[PDB]
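So you can see what is in the structure, the chains are spelled out below.
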Amino acid sequence: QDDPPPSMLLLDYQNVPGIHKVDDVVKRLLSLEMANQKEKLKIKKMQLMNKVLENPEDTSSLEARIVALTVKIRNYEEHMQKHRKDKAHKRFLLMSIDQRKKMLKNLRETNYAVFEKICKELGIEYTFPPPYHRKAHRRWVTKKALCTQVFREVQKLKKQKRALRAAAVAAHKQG
Amino acid sequence: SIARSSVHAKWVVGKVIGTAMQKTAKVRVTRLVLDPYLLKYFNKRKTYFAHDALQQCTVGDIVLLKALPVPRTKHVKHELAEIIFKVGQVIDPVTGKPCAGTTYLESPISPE
Amino acid sequence: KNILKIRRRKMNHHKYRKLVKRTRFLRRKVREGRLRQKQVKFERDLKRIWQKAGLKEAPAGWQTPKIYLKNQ
Amino acid sequence: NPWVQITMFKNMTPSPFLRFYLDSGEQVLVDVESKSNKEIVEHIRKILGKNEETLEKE
Amino acid sequence: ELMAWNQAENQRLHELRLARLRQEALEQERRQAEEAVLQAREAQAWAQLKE
RNA sequence: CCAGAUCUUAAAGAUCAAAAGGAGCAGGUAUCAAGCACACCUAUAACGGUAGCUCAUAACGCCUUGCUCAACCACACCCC
Ligand SMILES: [Mg+2]
Ligand SMILES: [Mg+2]
Ligand SMILES: [Mg+2]
Ligand SMILES: [Mg+2]
Ligand SMILES: [Mg+2]
Ligand SMILES: [Mg+2]
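Residues numbered from 1 in each chain as written, not as in the entry; some residues may be left out. Chains lettered and ligands numbered in written order. Part of a larger assembly, values for the part shown. Heavy atoms only, no water.

As documented in the archive entry, the model was determined using cryo-EM at 3.6 Å resolution.

A. Geometry of the overall build of chain D. Regarding its fold elements, chain D presents 2 helices and 2 strands. Against the globule reference of 10 Å for 58 residues, chain D gives a C-alpha radius of gyration of 14 Å, more extended than a compact globule. Along the three orthogonal principal directions, the C-alpha set of chain D runs to about 40 × 25 × 20 Å. The burial tally for chain D puts 17% of its 58 residues in the buried class. Across chain D, every contact between residues at least 6 apart in sequence was considered, and the portion connecting residues at least 24 apart equals 13%. Here chain D displays about 4700 Å² of accessible surface, and carbon together with sulfur accounts for 52% of that area. (Helix = DSSP H or I, 4+ residues; strand = E, 2+ residues; numbered from the N terminus. Rg over C-alpha atoms; globule rule 2.2 N^0.38 Å. Buried < 20%, exposed > 50% of the residue type's maximum accessible area, 1.4 Å probe, protein only. Contact = heavy atoms within 4.5 Å. Areas by Shrake-Rupley, 256 points an atom, 1.4 Å probe, with all protein chains shown as cover.)

B. Just the sheet that holds strand β3 (residues 41-51) of chain B, in detail. All names here are of chain B. A barrel is described by the order of its strands in space; here 5 strands give the closed sequence β1-β2-β3-β5-β4, paired in mixed fashion. Direction aside, neighbouring strands of the sheet carry axes that sit 45 degrees apart on average. Here strand β2 (residues 24-34) runs beside β3; their pairing, made up of 11 bridges, is antiparallel. Across the sheet, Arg31 pairs through a bridge with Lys44, a residue of β3. (Pairing = 2+ DSSP bridges. Axes fitted to C-alpha atoms, helices over the stretch in contact; angles between N-to-C directions.)

C. Just the interface of chain D and chain B, in detail. Every contact between the two is made by 19 residues of chain D and, on the other side, 21 residues of chain B. Here chain D and chain B share an interface that buries about 1800 Å² over both sides, 65% of which is from carbon and sulfur atoms. Scanning the region where chain D abuts chain B turns up 0 salt bridges. At the junction of chain D and chain B, the tally comes to 6 residue pairs in polar contact. Residue assignment for the side of chain D that touches chain B shows that the elements contributing at least two residues are β1 (17-21) and β2 (27-31) of chain D. A breakdown of the residues in the side of chain D that touches chain B according to their chemical character gives 9 nonpolar, 7 polar and 3 charged. (Buried area = accessible area lost by both parts, 1.4 Å probe. Salt bridge = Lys/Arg side-chain N within 4 Å of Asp/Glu carboxyl O. Polar contact = N/O pair within 3.5 Å; in protein donor to acceptor, adjacent residues only side chain to side chain. Nonpolar A, V, L, I, M, F, W, Y, C, P; charged D, E, K, R; others polar.)

D. Here's a closer look at a positive patch on the surface. Together, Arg139 of chain A together with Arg17, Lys21, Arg24, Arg28, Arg31, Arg34, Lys38 and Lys70 of chain C make up a positively charged patch on the protein surface. Among the secondary structure elements, those contributing two or more residues to the positive patch are α1 (3-22) and α2 (24-52) of chain C. With 5 residues, α2 of chain C is the single largest residue contributor to the positive patch. Here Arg17 of chain C falls in the partly exposed class, since its relative accessible area comes to 44%. (Patch = residues over 30% accessible without salt bridge, like charges linked within 9 Å, V, L, I, M, F, W, Y side chains within 5 Å. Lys, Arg positive; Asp, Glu negative; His and termini not counted. Charge placed at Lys NZ, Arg CZ, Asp CG, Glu CD.)

E. Looking closely at the packing of aromatic side chains. Scanning the model with the defined rule gives 4 aromatic pairs over all chains in all. With 5.8 Å between their ring centres and 75 degrees between their planes, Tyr126 of chain A and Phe128 of chain A make a pair best called edge-to-face. You can call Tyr126 of chain A buried: its relative accessible area is 16%. For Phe128 of chain A, a relative accessible area of 43% gives the class partly exposed. Centre to centre, the rings of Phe42 of chain C and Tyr68 of chain C are 6.4 Å apart; their planes meet at 75 degrees, and the pair counts as edge-to-face. Taken together, the positions of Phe42 of chain C in helix α2 and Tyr68 of chain C in the segment after α2 put the pair 26 residues apart, joining distant regions of the chain. The exposure class assigned to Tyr68 of chain C is partly exposed, which follows from its relative accessible area of 24%. The ring of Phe25 of chain C has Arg24 of chain C sitting right over it, with the charged end atom 4.6 Å from the ring centre. One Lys or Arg, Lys46 of chain D, reaches over the ring of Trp5 of chain E and ends 4.7 Å from the middle of that ring. (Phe/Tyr/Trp six-rings, centres within 6.5 Å; stacked < 30°, edge-to-face > 60°. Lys NZ or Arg CZ within 6 Å of the ring centre and 35° of its normal.)

F. Local environment of the protein's contact with RNA strand F. Around RNA strand F, the surrounding shell holds 35 residues, and the nearest of these are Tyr132, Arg139, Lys143 and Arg162 of chain A together with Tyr48 of chain B. Sugar and phosphate atoms form 65% of the subset of RNA strand F atoms that lie within 4 Å of the protein. Contacts to RNA strand F include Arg31 of chain B, whose side-chain N or O atom sits 3.1 Å from a sugar or linking oxygen. At the level of secondary structure, the elements contributing two or more residues to the surface near RNA strand F comprise α6 (138-174) of chain A together with β2 and β3 of chain B. The greatest single-element share of the surface near RNA strand F, amounting to 7 residues, is contributed by β3 of chain B. Its residues assigned to classes, the surface near RNA strand F comprises 13 nonpolar, 8 polar and 14 charged. (Near = heavy atom within 4 Å.)

G. The arrangement of the chains, seen in detail. The top pair by number of contacts, from a total of 6 pairs of chains in contact, is chains B and D. The two partners chain B and chain C share no contact, and the minimum distance between any of their C-alpha atoms is 23 Å. The two units chain A and chain D are non-contacting; their minimal C-alpha-C-alpha distance is 8 Å.

H. Structural view of the packing of α6 of chain A against α2 of chain C. Running from amino to carboxyl end, α6 of chain A crosses α2 of chain C at an angle of 20 degrees, the nearest separation of the two axes being 10 Å. In this view, α6 of chain A runs roughly parallel relative to α2 of chain C, as classed from their interaxial angle. Of the two elements, α6 of chain A crosses α2 of chain C, and the hand of that crossing is right-handed. Residue-level inspection shows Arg139, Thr142, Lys143, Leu146, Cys147 and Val150 of chain A of α6 of chain A in contact with α2 of chain C, the latter providing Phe42, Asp45, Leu46, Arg48, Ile49 and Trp50 of chain C. A breakdown of the residues in the contact of α6 of chain A with α2 of chain C according to their chemical character gives 7 nonpolar, 1 polar and 4 charged. (Parallel < 35°, antiparallel > 145°, perpendicular 65-115°, else oblique. Left-handed = near helix turned anticlockwise from the far one by under 90°.)

I. Focus on the layout of surface pockets. The space that makes up the largest pocket amounts to roughly 2300 Å³. Around the largest pocket, the lining is made up of 50 residues, and of these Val4, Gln5, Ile6, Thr7 and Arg19 of chain D lie nearest the centre. Of all elements in the fold, only β1 (11-18), β2, β3, β4 (62-67) and β5 (78-85) of chain B together with β1 of chain D reach the threshold of two or more residues within the lining of the largest pocket. When grouped by side-chain class, the residues that make up the lining of the largest pocket number 31 nonpolar, 11 polar and 8 charged. (1 Å grid on protein atoms, 1.4 Å probe; cavity = no way out; pocket = protein on both sides within 12 Å on 5 of 7 lines; lining within 4 Å. Points joined across faces, edges and corners; volume = space filled by probe spheres on them.)

If you want it as structure tokens, here you go:
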């Protein structure tokens, strides 16, 4: 997560010369104080790419787009935490995650070195798509739990059989 | 010089599915099979087990497999030979230069 | 016109919705009866698992839940 | 060639090519970047194809 | 000998590829220069209004 | 791929081919959708270690049935 400082000139009114010589009044009118959420995203996107990307001037690169989507994904999550019953934005959040997931897979199969750096910097955790998407109903999860528990119990029966029964035979040898 | 095998496949090329087990990679071989009715070729997927001694398999690779002279179990009958295309790290066999899909990572016309 | 088919499907649904209402409690008895056999058959399936695995008793701490039971 | 495995790979190498794996571990690399449909078949038929005399005597 | 011929054939095509890439690379630099002037012209215009 | 049995003989040729294995092909049914130990490593041919394997391209089930024919597969009262 990132936190743009409040008293910073917005993206556009930065490179123009002669700003620091202006009085505090105009600097206040251009800072993030008098700018809406839209201007905040620009500063987040500008800073984020300058920290992880190699060539910021390239926008068509996959890594650049993944950074752009991550900014929107974080923005949607903040909106979702406030407006919980909103369904239009929840759909956007899920589709944005799926698009980033699809683009991360494409980046991995082309440039592994860049994919590793993007995955580490942004904190994204890439999980392989599990085969055979099935709905885990109560009957299946119950029976699966029993089979795993029975499997562990069989190991204990054999493990103690390996210890005690062999020792009993070895008792005759040792005497 | 008797080091033959009884399997019908001596050399095969397939994609790595997973590397969950110890020093063994499950690969998926693809072949073309003619449909008798439509007279068209479709892919048929089969899963093979290959023994990787160096643990060099990453999911998504294309691996050449060599038939094992003696099976090590009822399923492992093939041994990995080479990594044809490392995932994400693909070097063009012609120019011997790193590449990422269509765009060359390094220009082959720039020796220095 | 196609109304000769919607009307035929209208009458059948209207008569079925009266067969359920007239014998509502008969279906209640059968539904609960089938649910008990559904639960019992599930118990035998789990009982078969541990008996064939060599165990004598079910693993400790395992009480089979009643999945086909009314809850909320 | 019913017993020869043929596998396709799309958009992995900027330069199209064909690779042949022999029984003795030999690798044959065929480079195609401007050759037409007909040229490749004639090129393949000569590097690894069978001779006409061999087929007719078989 | 067929293997030897095929090896020479790849080398012959490789020389053509290296020559052709230089032509593409030279054109790419020309395209980059034209893009740079267009971007610089728009950069100057945009900064004037912000000032 | 083929041990083994047999025949011939200059002990290396041939006839039949168990077991085991797989490029592909192979009845109906998904209202049979999950099977429940079905994997692998080390050295041992133990122990120890990893937590995996098959499956919507049909696993696991159920029903019907000799066959792809110089012939092949199976049964020899019943409890495979
Ligand atoms: Mg009716
Ligand atoms: Mg046999
Ligand atoms: Mg023999
Ligand atoms: Mg003999
Ligand atoms: Mg039914
Ligand atoms: Mg009998």
